[PDB]
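This report concerns only the one structure given below.
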Amino acid sequence: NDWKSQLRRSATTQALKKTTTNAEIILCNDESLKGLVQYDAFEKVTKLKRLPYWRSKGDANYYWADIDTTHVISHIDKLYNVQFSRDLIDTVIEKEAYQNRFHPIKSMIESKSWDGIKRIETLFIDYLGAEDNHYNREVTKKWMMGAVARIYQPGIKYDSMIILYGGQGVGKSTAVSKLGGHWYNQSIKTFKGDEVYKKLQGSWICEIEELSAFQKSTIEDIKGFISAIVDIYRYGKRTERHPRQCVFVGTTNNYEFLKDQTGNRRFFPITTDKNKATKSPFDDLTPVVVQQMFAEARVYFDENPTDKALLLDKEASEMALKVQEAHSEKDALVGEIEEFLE
Amino acid sequence: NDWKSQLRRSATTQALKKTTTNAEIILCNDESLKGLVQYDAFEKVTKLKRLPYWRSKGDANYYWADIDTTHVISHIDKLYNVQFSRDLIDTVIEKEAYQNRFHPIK
Ligand SMILES: Nc1ncnc2c1ncn2[C@@H]1O[C@H](COP(=O)(O)OP(=O)(O)OP(O)(O)=S)[C@@H](O)[C@H]1O
């Protein structure tokens with residue numbers, strides 16, 4: 001039977017009422033408008049399930065826009081003699097998308113289960129020529145667990161940050177981009193203010209690249225930025241974007257990038273070398289392998305879904321202290337004073 | 001008496017009027033909307049007492065957002081064909097939360 005009988009029309013006039021349920025029925029039953037919106041939960045936006053009939057065949061812009069609302073209103077009014085306000089149609093579209101919501105990262109991580117291969121520990125070791133050290137394995141594993149935890153337990157306490165040191169072409173940025181995929185982000189250069197939290201909307205793995213030496217202020221800025229676990233933005237209810245799914249990785253050119261003693265214990269440097277990388281990050285980091293690595297991280301984190309499980313091992317942390325001292329400025333004056341005292 | 005008989009209905013046209021008392025009665029006496037908001041007195045925001053039926057079970061987000069008001073308006077319209085305003089529903093939600101206000105630290 002036709003769905004027209006479901007529409008609520010005014011008894012006196014037998015004309016459709018400009019009502020939320022009428023719009024819901026039309027959007028969920030009209031052939032031209034049937035199920036062409038969905039909710040990108042990670043990006044917190046309204047994407048298109050399919051191209052509507054008012055777009056070009058090869059537009060490749062799968063985001064709902066204002067003119068899509070214009071065309072929806074025009075089509076509804078053309079077929080059905082009811083003129084819906086733009087606010088009502090936007091509200092109905094938002095609700096319908098939220099009903100058909102999905103998570104792309106949660107889909108990819110669970111796209112395929114994890115067989116036993118143990119890829120999480122040798123992420124940057126065999127791809128960027130790092131050292132087969134306990135600290136490297138532990139911190140890379142904990143970083144991948146932190147990434148998948150921020151995906152699954154969105155608002156979580158994970159203030160650590162892998163920092164990769166290497167030459168101009170060791171492929172650290174390439175490897176980070178391969179890991180991030182569509183949700184990799186590098187277009188973040190300032191870290192203090194309010195609008196920065198808007199730049200994190202569709203980003204999962206955010207990379208901070210240090211070409212020239214950062215100023216003393218920028219290090220404190222990135223500390224206070226990665227230390228946050230919540231973001232606040234905005235048309236009512238203040239829409240506190242609590243999740244903060246982002247996980248941060250830095251890529252530095254200078255060997256000695258640590259200046260303050262405050263920043264230590266949170267920046268976990270890894271020294272990447274070339275000619276010793278078993279697998280080329282330009283050819284071997286494929287979506288299948290990174291998906292399997294994230295599935296392995298999911299398994300390990302789900303073995304203990306807690307922020308305390310994202311912290312390093314005790315001996316791993318104590319020798320991370322040694323690494324952080326080996327990557328910091330020396331101040332060169334304690335030795336001279338020691339010689340004077342001796 | 002059934003709570004639906006308390007609703008103030010326009011005697012001329014036998015339709016519910018978009019008044020604040022009707023919204024308050026519906027929110028206080030609807031199983032899908034019975035007492036799902038509260039007011040945090042420390043951080044001045046409205047939070048969720050429980051999880052509404054339109055939210056995923058593994059949500060862990062307890063901030064009342066615009067989509068929650070959208071779903072409240074849509075559900076009230078579906079059940080009682082009233083079509084309350086966005087601002088009126090926000091006002092009634094805020095009043096209901098303030099009726100169940102709390103201080104988290106206290
Ligand atoms: N097949 C390849 N594809 C891409 N880049 C390649 C390839 N072979 C060599 N390269 C070089 O590898 C480097 C790629 O590094 P990038 O990821 O762009 O940046 P990076 O490695 O992080 O170095 P910096 O210090 O951050 S600029 C470039 O210098 C390329 O010229």
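How things are named: the first chain in the structure tokens is A, the next is B, and so on; residues count from 1 in each chain; ligands count from 1 in the order shown.
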Neighbours of residue 39 in chain B within 10 Å (only C-alpha atoms; same-chain residues fewer than 2 positions away dropped), as a PyMOL selection string? chain B and resi 37+41-49+94-104
Contacts of range 12-26 of chain B at 9 Å or less, counting only C-alpha atoms, minus same-chain residues fewer than 5 places along, as number ranges by chain? B: 3-4, 6-7, 33-34, 76, 80-85, 88-89, 91-93, 95-96
For residue 128 in chain A, list every protein, DNA or RNA residue within 9 Å, evaluated using only C-alpha atoms, and leave out those in the same chain fewer than 6 positions away; present the list as a PyMOL selection string. chain A and resi 166+170-172+175+271-274+276-281
Output C-alpha atoms for every residue in that selection, as an mmCIF file, in the first residue's frame.
```
data_model
loop_
_atom_site.group_PDB
_atom_site.id
_atom_site.type_symbol
_atom_site.label_atom_id
_atom_site.label_comp_id
_atom_site.auth_asym_id
_atom_site.auth_seq_id
_atom_site.Cartn_x
_atom_site.Cartn_y
_atom_site.Cartn_z
ATOM 1 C CA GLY A 166 65.665 11.007 11.026
ATOM 2 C CA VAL A 170 63.736 8.307 5.851
ATOM 3 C CA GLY A 171 60.008 8.210 5.096
ATOM 4 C CA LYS A 172 58.725 9.070 8.566
ATOM 5 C CA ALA A 175 54.829 6.169 7.123
ATOM 6 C CA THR A 271 65.697 7.384 16.372
ATOM 7 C CA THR A 272 65.032 6.330 12.774
ATOM 8 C CA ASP A 273 67.902 5.411 10.456
ATOM 9 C CA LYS A 274 68.113 4.408 6.802
ATOM 10 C CA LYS A 276 68.579 -0.706 7.862
ATOM 11 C CA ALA A 277 64.800 -0.612 7.326
ATOM 12 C CA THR A 278 63.605 -4.114 6.452
ATOM 13 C CA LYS A 279 60.461 -2.876 4.673
ATOM 14 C CA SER A 280 60.145 0.284 2.600
ATOM 15 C CA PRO A 281 57.395 2.571 3.976
#
```
Do me a favour and pick out the residues of chain B within 9 Å of chain A, using only C-alpha atoms, as a PDB file with C-alpha atoms, in the first residue's frame.
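Produced file part.pdb, reproduced below:
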```
ATOM      1  CA  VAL B  45      25.706  22.490  31.740  1.00  0.00           C
ATOM      2  CA  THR B  46      22.827  20.082  31.209  1.00  0.00           C
ATOM      3  CA  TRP B  54      17.934   7.016  20.257  1.00  0.00           C
ATOM      4  CA  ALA B  60      29.541   7.171  27.261  1.00  0.00           C
ATOM      5  CA  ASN B  61      28.694  10.766  26.256  1.00  0.00           C
ATOM      6  CA  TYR B  63      26.053  15.960  27.358  1.00  0.00           C
ATOM      7  CA  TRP B  64      22.637  16.988  26.059  1.00  0.00           C
ATOM      8  CA  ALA B  65      23.239  18.101  22.465  1.00  0.00           C
ATOM      9  CA  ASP B  66      21.116  19.559  19.677  1.00  0.00           C
ATOM     10  CA  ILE B  67      20.409  16.124  18.188  1.00  0.00           C
ATOM     11  CA  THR B  70      15.765  17.080  17.595  1.00  0.00           C
ATOM     12  CA  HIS B  71      14.839  13.562  18.674  1.00  0.00           C
ATOM     13  CA  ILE B  73      10.734  17.122  19.188  1.00  0.00           C
ATOM     14  CA  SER B  74      10.352  14.392  16.574  1.00  0.00           C
ATOM     15  CA  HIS B  75       9.172  11.796  19.101  1.00  0.00           C
ATOM     16  CA  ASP B  77       5.314  15.044  17.281  1.00  0.00           C
ATOM     17  CA  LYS B  78       5.103  11.381  16.272  1.00  0.00           C
ATOM     18  CA  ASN B  81       1.208  15.571  16.699  1.00  0.00           C
ATOM     19  CA  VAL B  82       1.943  18.846  18.484  1.00  0.00           C
ATOM     20  CA  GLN B  83       5.161  20.067  16.776  1.00  0.00           C
ATOM     21  CA  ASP B  90      15.033  23.703  24.886  1.00  0.00           C
TER      22      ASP B  90
END
```
Counting only C-alpha atoms and all ligand atoms, what residues are within 10 Å of ligand 1, given as a ChimeraX atom specification? /A:128,164-178,208-212,250-254,280-283
Got time to write the residues from that selection, C-alpha atoms, as a JSON list (two decimals), in the first residue's frame?
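New file part10.json:
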```json
[["chain", "number", "residue", "atom", "x", "y", "z"],
["A", 128, "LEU", "CA", 61.89, 3.35, 9.47],
["A", 164, "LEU", "CA", 60.48, 10.35, 15.06],
["A", 165, "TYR", "CA", 63.99, 11.63, 14.36],
["A", 166, "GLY", "CA", 65.67, 11.01, 11.03],
["A", 167, "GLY", "CA", 67.11, 12.50, 7.89],
["A", 168, "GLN", "CA", 65.29, 14.38, 5.17],
["A", 169, "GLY", "CA", 64.05, 11.23, 3.44],
["A", 170, "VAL", "CA", 63.74, 8.31, 5.85],
["A", 171, "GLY", "CA", 60.01, 8.21, 5.10],
["A", 172, "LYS", "CA", 58.73, 9.07, 8.57],
["A", 173, "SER", "CA", 56.07, 11.46, 7.25],
["A", 174, "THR", "CA", 55.21, 8.94, 4.54],
["A", 175, "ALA", "CA", 54.83, 6.17, 7.12],
["A", 176, "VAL", "CA", 52.68, 8.40, 9.33],
["A", 177, "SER", "CA", 50.46, 9.26, 6.35],
["A", 178, "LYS", "CA", 50.19, 5.57, 5.43],
["A", 208, "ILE", "CA", 53.37, 17.73, 13.93],
["A", 209, "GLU", "CA", 56.35, 18.22, 11.62],
["A", 210, "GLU", "CA", 59.30, 20.24, 12.92],
["A", 211, "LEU", "CA", 61.34, 21.40, 9.94],
["A", 212, "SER", "CA", 63.16, 24.23, 11.71],
["A", 250, "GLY", "CA", 55.72, 14.36, 15.75],
["A", 251, "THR", "CA", 58.45, 14.19, 13.13],
["A", 252, "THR", "CA", 61.57, 16.23, 13.86],
["A", 253, "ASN", "CA", 64.65, 17.05, 11.78],
["A", 254, "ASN", "CA", 66.96, 18.30, 14.54],
["A", 280, "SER", "CA", 60.14, 0.28, 2.60],
["A", 281, "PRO", "CA", 57.39, 2.57, 3.98],
["A", 282, "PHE", "CA", 56.69, 3.73, 0.41],
["A", 283, "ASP", "CA", 55.72, 0.26, -0.83]]
```
